[PDB]
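S.K.: Encoded as structure tokens, here's the structure I'll be asking about.
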Amino acid sequence: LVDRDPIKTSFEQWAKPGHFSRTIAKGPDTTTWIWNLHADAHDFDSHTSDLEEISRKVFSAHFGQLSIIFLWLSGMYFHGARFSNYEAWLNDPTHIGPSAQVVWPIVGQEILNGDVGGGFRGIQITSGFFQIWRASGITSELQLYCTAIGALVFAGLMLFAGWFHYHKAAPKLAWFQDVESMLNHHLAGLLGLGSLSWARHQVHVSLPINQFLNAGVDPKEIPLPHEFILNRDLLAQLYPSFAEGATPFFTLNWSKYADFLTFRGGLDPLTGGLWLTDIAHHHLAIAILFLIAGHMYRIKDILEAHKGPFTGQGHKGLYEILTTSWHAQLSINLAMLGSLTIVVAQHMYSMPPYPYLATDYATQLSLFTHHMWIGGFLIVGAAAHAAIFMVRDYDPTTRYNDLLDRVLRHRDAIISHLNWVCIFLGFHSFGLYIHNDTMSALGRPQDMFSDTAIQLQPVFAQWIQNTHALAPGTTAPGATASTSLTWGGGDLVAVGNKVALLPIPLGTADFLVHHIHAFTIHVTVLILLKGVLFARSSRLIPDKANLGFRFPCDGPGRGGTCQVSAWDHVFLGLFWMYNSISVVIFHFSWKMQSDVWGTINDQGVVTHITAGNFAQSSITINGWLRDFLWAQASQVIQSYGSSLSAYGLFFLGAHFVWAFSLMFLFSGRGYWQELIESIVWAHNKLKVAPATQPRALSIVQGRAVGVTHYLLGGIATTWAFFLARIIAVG
Amino acid sequence: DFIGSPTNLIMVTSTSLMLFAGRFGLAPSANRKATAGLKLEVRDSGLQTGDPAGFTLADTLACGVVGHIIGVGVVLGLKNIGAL
Amino acid sequence: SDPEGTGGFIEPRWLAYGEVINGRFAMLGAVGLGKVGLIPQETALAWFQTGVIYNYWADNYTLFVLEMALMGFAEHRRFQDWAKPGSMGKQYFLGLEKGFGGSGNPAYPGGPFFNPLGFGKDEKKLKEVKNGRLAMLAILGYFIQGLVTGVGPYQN
Amino acid sequence: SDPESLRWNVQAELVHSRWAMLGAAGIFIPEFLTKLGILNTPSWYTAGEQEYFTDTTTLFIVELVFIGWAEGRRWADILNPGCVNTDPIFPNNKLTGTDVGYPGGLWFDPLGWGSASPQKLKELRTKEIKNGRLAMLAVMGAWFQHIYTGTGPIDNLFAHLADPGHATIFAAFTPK
Ligand code: CLA
Ligand code: CLA
Ligand SMILES: CC1=C(/C=C/C(C)=C/C=C/C(C)=C/C=C/C=C(C)/C=C/C=C(C)/C=C/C2=C(C)CCCC2(C)C)C(C)(C)CCC1
Ligand SMILES: CC1=C(/C=C/C(C)=C/C=C\C(C)=C\C=C\C=C(C)/C=C/C=C(C)/C=C/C2=C(C)CCCC2(C)C)C(C)(C)CCC1
Ligand SMILES: CCCCCCCCCCCCO[C@H]1O[C@H](CO)[C@@H](O[C@H]2O[C@H](CO)[C@@H](O)[C@H](O)[C@H]2O)[C@H](O)[C@H]1O
Ligand SMILES: CCCCCCCCCCCCO[C@H]1O[C@H](CO)[C@@H](O[C@H]2O[C@H](CO)[C@@H](O)[C@H](O)[C@H]2O)[C@H](O)[C@H]1O
Ligand SMILES: CC1=C(C/C=C(\C)CCC[C@H](C)CCC[C@@H](C)CCCC(C)C)C(=O)c2ccccc2C1=O
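Protein chains in written order, with PDB author numbering: chain A, 21 to 318, 327 to 758; chain K, 47 to 130; chain 3, 84 to 115, 122 to 142, 148 to 218, 224 to 255; chain 2, 94 to 269.
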């Protein structure tokens, strides 16, 4: 193939009918293949038997993405500069209600665009630059318009390095399949030399240029643009030219100092970010590690070492492969990358890291739910791709007899447990709520489960939270309050419209959501675990790995023989996770507003967006539409004719798209065939169809168009439901 | 220069122990874990002899006593010869 | 043909020892004037105190760059042109005597080196004629920022 | 390893290019002879004397009729005979292809030797300036933007601004 091989055509092939699997697209026409090929455009069974390139392709695809983010966000940073909102907001923050983005007025459009601002019509934003942003001190719109093109610079170039691979004559095996350094480098000087470098441009420049912003001015009444070198008088305030120390060390005297740092603990008052000053120290104290750390090392060495009696021989040469699986060294990653994103989602809302967040409610919960769906959308993946390992990747058997070969040894076992785990949960983890209804609708509270009724009695108080703030008995020194303000001990005092941050004390009715999470996190994983484990051969099929991780279903026999596979375990596992996350979101905002998100008022009488309705009334799972869905959402179905309106006006579509999924999810296949011909007939009479044999959806494509829609349906529904109950009161 | 020059002599002190210490601590490696303390090959006591770090913690102390009086509590003496 | 830049293992530093000669006599004007410098208003102001006793009376006009691009042309022409085979110098459109070459394709003191006979006197490998002029180059490099300022020469 | 352009409408692209550039010819000499304004000076009255104007747009329709016919009829025959259907010589229709367009009809034909040609003799005159004119025009048309933009006055429009020091024009010269 042979248009024409090797040596002797530069001449490209566009044309003669084109390619895949060897009874290649037929010649003779079909539809499905147009759906094939976007799908499974890369799988890597095909293109070559021999890994050869592909690692030589996946470096390039990676380059494309890095550019693209860059194309992105130049865009963003643009938008952010020259449709400003920002200059205006910053003198002005805690008045402003901020936009980057504006429509043009054509047809309806422009209901949308409603006064945001330092006096301009806007669409209000809830990702915050304007808060990443506070940091730049120097300011002004045309720069961000430099940071912007600085973006388009990185891109074109960090996108001609992708020419400067695959397409260019390009690289070979050793380079990846000798690993020996790679984390050495990465973590040492970038992980390090960023955070390090970030330190250097995180007190140099930023600290001072918001050290005396947290007062007001009209900027540049404060900051010259370069201003900040050989110079510096200004460091003098924010501290000394080290005055006489030497390269740290000690024969140093302070009668009154210790270098910038000086740790913060708690939140700024009048910018309650948390101190802009533990922010240098912490990043500095990072990098070092990485700076020292990325200095291992070259490998099996450590992995081949420790063994135990249960413990695994396999552990050793736990994978010559690992260097060349790929699909496995992506699956591992996603679990981490993914599980290391939604750990953001907490440390964020219970410890803001940007100036003006919390007061800014809606511009950091959007966040805590966007970052939340990735620390989930990337985890089910982190299973799929292991399934993609577990079936195929190595030519041959020679992994042999380990730790894995071990885990599999039991397998109707690791998943034998985990199962009961879930029905123990569920019964202790949902029908728990249903008690309440059945008995509060029967009505006898004496015996509910209410935080008042079934006795723990009125304290949450001591577990960890109370040991955590309360923190300095300790080898701990530091800082007037907490690591996180929310923890029980301490403080009234945070912020200027509004409440930002307060204990959150829980009790029960934090107790049992916290448990539904368990059962939801667990039966999610059951299906993926048992899915990826039983990947290749099963008690129902042995001849099971033979085409596929995909195949539709083996065949009507054995009783059912349908779902099986593991595309589909990574099809019914998404289906859950959509809840896993979809109900964790439902948790946070009902809390964070029922308690916390606030207002301060004279003598500080806190006024929670809802006076804690949560109390006795989440425990009832109707209260979850009495107090939630039917209570809030009244802002979604009132939202017409306004400015945000695009939410209420989405909330019907996408609350439609979902209720279109079921058609794709719930239906046969030779059905829409049987139909597609009646069609095809009427077509031929007028002479208008045959060519490119119109065909119904590819059993599993149909499932691909379930799910995917069920999610972008059922999801943006709340993306709307949300942005519509924090914009406007809250 | 300054106490800071005494400090130049002193970068030499931290830099020093650590590095001068360094080779011994690596020099027969592939020990991994462990020692004279544990399995096969006793001789008893503790010992007296051999270096890397027995001798330099001592040095931060040396620097200390001489340095010591000079700044201090205006600093002995005590003489005795005075000196005679 | 759609374009060629043959590289073998060290293409670079064939130049490099080259970027270095040019670069090197630019250590240069250091070797043997020295500050644009910056962003040009003075009109009032030097880095941060620069100057004092803005740079310079300063003629200069940035037209360079318009110069950098323009001489760029020469650089890349000498290099193709000699790809070569030479018409090149037309000489006198008519007629007769054209003694004069002037000698050479140059390199060095006689277009053909020339005047071969010489000294009784003055009487008593060519990456070295490179190596030492980075050891003249990277040197002003730090000498731009060559200060400790708050203090000064500890040495001294 | 390099694109393949060659592109194949193409040879046409080059004759399109002649139109653009020879036409580009009218501009330069005449405007610029410009009257080297001028001895002095230039008045229109005359037709347009007071007739409620002359052209506006109507001038454009006449301009086009006169042309439509020409640009139109045209390429329609720079050449092209045979003119139908099924299978390829490739020009892209190619119909003229084998048959010139006619065996025996007429003198479609011009000149000696069963051919179109004026014949061998001359690239000469007109490949170098007329194509050199491909070049010329482009830079001198590139010169036109240079010559107006910056609109001295009237209109900034939408400023992030940040000029003046001084105006732009053509009379000629350059200052500096
Ligand atoms: C405004 C600016 C000023 C500045 C900052 C520069 C800067 C520069 N010019 Mg330049 N130039 C200027 C004014 C300036 N020029 C003016 C007013 C003229 C008109 C004459 C030129 C004409 C000019 C030419 C023709 C070239 C430059 C080149 C250069 C670059 C060469 C780098 C170098 O060190 O070569 C010199 C350093 C060396 C180590 C080379 C040594 C060769 C010497 C011995 C020959 C000249 C000395 C000679 C013996 C003196 C005899 C007198 C003779 C001039 C009549 C450099 C960036 C060159 C370039 O960069 O092209 C790609 C070259 O193109 N300039
Ligand atoms: C870091 C990892 C990342 C990478 C590099 C890959 C790479 C790969 N995955 Mg994969 N995957 C990932 C994360 C990743 N995945 C995650 C997180 C999941 C869990 C959801 C999966 C679940 C998954 C499955 C089930 C499969 C793969 C497969 C593959 C392979 C096929 C790629 C392809 O053809 O594109 C596929 C992309 C398309 C066909 C584009 C369609 C996208 C639609 C669904 C739009 C999404 C909705 C969005 C809102 C629409 C845009 C807006 C619109 C309304 C305007 C490839 C090697 C496939 C394989 O067979 O292995 C060889 C197999 O299908 N992946
Ligand atoms: C040789 C040399 C050198 C070097 C230099 C350089 C070149 C450097 C650097 C620096 C660096 C190299 C830095 C880096 C940094 C990095 C960073 C800082 C990272 C980042 C990133 C980001 C920011 C991202 C984010 C995110 C996330 C979170 C995930 C996803 C999403 C997003 C993307 C947003 C030095 C200096 C010594 C000097 C001398 C010479
Ligand atoms: C008549 C007609 C028509 C029709 C129309 C209609 C009727 C429509 C509709 C529609 C509907 C009724 C619905 C839809 C919806 C859609 C959507 C919806 C899309 C998209 C999306 C997006 C862009 C998203 C994003 C996101 C993210 C980022 C992730 C998650 C979240 C969210 C979702 C937010 C047309 C004109 C067309 C054509 C012609 C004919
Ligand atoms: C919501 C249900 C109540 C259950 C928890 C109640 C226990 C703690 C008491 C009230 C908690 C609110 O804490 C709040 O106390 C006071 C309200 O009376 C306010 O008191 C604040 O106002 C005044 C201004 O100088 C002074 O009395 C205080 O020095 C100052 O802290 C504060 O804004 C806040 O620190
Ligand atoms: C080198 C000088 C440039 C050439 C021009 C000078 C005149 C020489 C004749 C060429 C002029 C072109 O026009 C002329 O070409 C022919 C020369 O073969 C003429 O004369 C010839 O025509 C036929 C070829 O075309 C021959 O078979 C005939 O025997 C003869 O009549 C034609 O009647 C006329 O069409
Ligand atoms: C409804 C449904 C169908 C029928 C769905 C079909 C046929 C969707 C395919 C329709 C395509 C996308 C229309 C494409 C036509 C246009 C793209 C062509 C014109 C181009 C434009 C300019 C409009 C299935 O095939 C199916 C298969 C398996 C399980 C469930 C189901 C299922 O539920």
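Ideal Cβ positions, reconstructed from N, Cα and C, are used throughout, including at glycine.
Closer than 5 Å is what we want: which residues have a beta carbon that near any heavy atom of ligand 3? List them in chain order.
M.R.: Per the Cβ criterion, the list is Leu210 (chain A), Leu213 (chain A), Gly214 (chain A), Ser217 (chain A).
S.K.: Residues of chain K with a CB under 8 Å from the CB of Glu332 (chain A): which are they?
M.R.: The premise fails here: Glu332 (chain A) is roughly 14 Å from chain K at the closest Cβ pair, so nothing lies under 8 Å.
S.K.: Using 7 Å as the cut-off, classify the Cβ of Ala219 (chain A) as near or not near the heavy atoms of ligand 4, replying yes or no.
M.R.: No; taking the cut-off as 7 Å, the Cβ of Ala219 (chain A) has no heavy atom of ligand 4 nearer than that.
S.K.: What is the DSSP secondary structure of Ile89 (chain A), counted as helix, strand or coil?
M.R.: In this structure, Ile89 (chain A) counts as helix in the three-state DSSP scheme.
S.K.: Identify the contact partners of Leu250 (chain A) in chain 3, using a Cβ-Cβ distance below 9 Å as the criterion.
M.R.: Per Cβ cutoff of 9 Å: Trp136, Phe137, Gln138, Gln244, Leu246, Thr248.
S.K.: Under the rule that 16 or more other beta-carbon atoms within 10 Å means buried, what is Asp253 (chain A), buried or exposed?
M.R.: Its Cβ having fewer than 16 others within 10 Å, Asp253 (chain A) is exposed.
S.K.: Going by other Cβ atoms of all chains shown within 10 Å of its Cβ, with 16 needed for buried, is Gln151 (chain A) buried or exposed?
M.R.: That one is buried.
S.K.: For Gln493 (chain A), count neighbouring Cβ atoms within 10 angstroms of its own Cβ and tell me buried if that reaches 16, exposed if not.
M.R.: Per the 10 Å Cβ criterion, buried.
S.K.: Could you list which residues in chain 2 have their beta carbon closer than 9 Å to that of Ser30 (chain A), in chain order?
M.R.: The contacting residues are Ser94, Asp95, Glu97.
S.K.: Assuming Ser110 (chain 2) is part of the alpha helix (DSSP H), what are its boundary residues?
M.R.: Segment 104-126, the alpha helix (DSSP H) holding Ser110 (chain 2).
S.K.: Taking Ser160 (chain A) as the query, report the chain 3 residues whose CB atoms sit under 7 Å from its CB, ordered along the chain.
M.R.: Ordered by position in chain 3, no residue passes the 7 Å Cβ test against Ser160 (chain A), which lies about 17 Å from the chain.
S.K.: If you pair each beta-carbon of the segment 380-397 of chain A with each one of the segment 280-299 of chain A, do three or more pairs fall below 8 Å?
M.R.: Contact between the segment 380-397 of chain A and the segment 280-299 of chain A is present, because at least three Cβ pairs lie under 8 Å.
S.K.: Is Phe749 (chain A) near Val664 (chain A), with beta carbons less than 8 Å apart?
M.R.: Cβ distance < 8 Å, so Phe749 (chain A) and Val664 (chain A) count as in contact.
S.K.: Does the beta-carbon of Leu653 (chain A) have 16 or more other beta-carbons within 10 angstroms, so that it is buried, or is it exposed?
M.R.: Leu653 (chain A) comes out exposed.
S.K.: Using only the alpha-carbon positions, how far apart do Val553 (chain A) and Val560 (chain A) sit?
M.R.: Approximately 10 Å between the Cα atoms of the pair.
S.K.: Have a look at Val159 (chain 3), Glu161 (chain 3), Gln130 (chain 3) and flag the residue whose alpha-carbon is nearest the alpha-carbon of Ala152 (chain 3).
M.R.: Answer by Cα proximity: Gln130 (chain 3).
S.K.: Please go through the same chain and pick out, in chain order, the residues whose beta-carbon is closer than 7 Å to the beta-carbon of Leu86 (chain A), but skip the five residues on each side of it.
M.R.: Once the five neighbours on either side are set aside, the close Cβ partners of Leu86 (chain A) are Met178.
S.K.: Nearest-angstrom Cα distance between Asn429 (chain A) and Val435 (chain A)?
M.R.: Their backbone Cα atoms lie some 10 Å apart in a straight line.
S.K.: Relative to the C-alpha of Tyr699 (chain A), which residue among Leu281 (chain A), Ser726 (chain A), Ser689 (chain A), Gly676 (chain A) is closest?
M.R.: It is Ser726 (chain A).
S.K.: By the DSSP assignment, the beta strand (DSSP E) with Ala120 (chain A) in it spans what residues?
M.R.: Segment 119-121, the beta strand (DSSP E) holding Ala120 (chain A).
S.K.: Between the Cα of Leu556 (chain A) and those of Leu602 (chain A), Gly626 (chain A), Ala522 (chain A), spot the shortest distance and give me the residue it belongs to.
M.R.: Cα-wise, what sits closest to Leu556 (chain A) is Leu602 (chain A).
S.K.: If you measure from each CB to the nearest heavy atom of ligand 5 and keep those under 7 Å, what residues do you get, in chain order?
M.R.: After applying the 7 Å Cβ criterion, the set is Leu520 (chain A), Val521 (chain A), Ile628 (chain A), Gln631 (chain A), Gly632 (chain A), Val633 (chain A), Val634 (chain A).
S.K.: How long is the line joining the alpha carbons of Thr167 (chain A) and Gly130 (chain 2), rounded to whole angstroms?
M.R.: Rounded to the nearest angstrom, the two C-alpha atoms are 50 Å apart.
S.K.: Cutting at 6 Å between CB atoms, please list the residues of its own chain near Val733 (chain A), excluding the five before and the five after it.
M.R.: Here the set comprises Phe692.
S.K.: Got a sec: is the Cβ-Cβ distance from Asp85 (chain 3) to anything in chain 2 below 8 Å?
M.R.: With 8 Å as the cut-off, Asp85 (chain 3) counts as an interface residue toward chain 2.
S.K.: Can you tell me which of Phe184 (chain A), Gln392 (chain A), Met364 (chain A) puts its alpha carbon nearest to the alpha carbon of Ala373 (chain A)?
M.R.: Per the Cα distances, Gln392 (chain A).
S.K.: For my contact list, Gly651 (chain A) and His636 (chain A) are in at a C-beta cut-off of 8 Å; report their separation, rounded to the angstrom.
M.R.: Contact flag wrong, Cβ pair sits at about 16 Å.
S.K.: Is residue 324 (chain A) close to chain 3? Criterion is C-beta to C-beta, closer than 8 Å.
M.R.: In the structure shown, chain A runs from 318 directly to 327, leaving residue 324 (chain A) without coordinates.
S.K.: Residues around ligand 4, please: the condition is that the C-beta lies closer than 6 Å to some non-hydrogen atom of it.
M.R.: This criterion selects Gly681 (chain A), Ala682 (chain A), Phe684 (chain A), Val685 (chain A), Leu740 (chain A), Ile743 (chain A), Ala744 (chain A), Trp747 (chain A).
S.K.: State yes or no: is the C-beta of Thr102 (chain K) within less than 8 Å of the C-beta of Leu63 (chain K)?
M.R.: Yes, the Cβ-Cβ distance between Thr102 (chain K) and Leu63 (chain K) is below 8 Å.
S.K.: Let's test the definition: count the other Cβ atoms within 10 Å of the Cβ of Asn464 (chain A) and tell me whether it reaches 16, buried, or not, exposed.
M.R.: Classification of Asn464 (chain A): buried, given that the 10 Å Cβ count is 16 or more.
S.K.: Does the beta-carbon distance from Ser645 (chain A) to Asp630 (chain A) come in below 8 Å?
M.R.: Not a contact, by the Cβ cut-off of 8 Å.
S.K.: Does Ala441 (chain A) come out as helix, strand or coil in the three-state DSSP assignment?
M.R.: Looking at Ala441 (chain A) - three-state DSSP - the assignment turns out to be coil, as it is neither helix nor strand.
S.K.: Is it buried or exposed for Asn105 (chain A), if we count other Cβ within 10 angstroms and need 16 for buried?
M.R.: Under this definition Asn105 (chain A) is a buried residue.
S.K.: Identify whether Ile312 (chain A) lies in helix, strand or coil by the three-state DSSP scheme.
M.R.: The answer is strand: DSSP assigns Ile312 (chain A) an E or B state.
S.K.: Please determine, among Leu739 (chain A), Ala410 (chain A), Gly285 (chain A), the residue with the shortest C-alpha to C-alpha distance to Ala682 (chain A).
M.R.: Minimum Cα distance to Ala682 (chain A) is reached at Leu739 (chain A).
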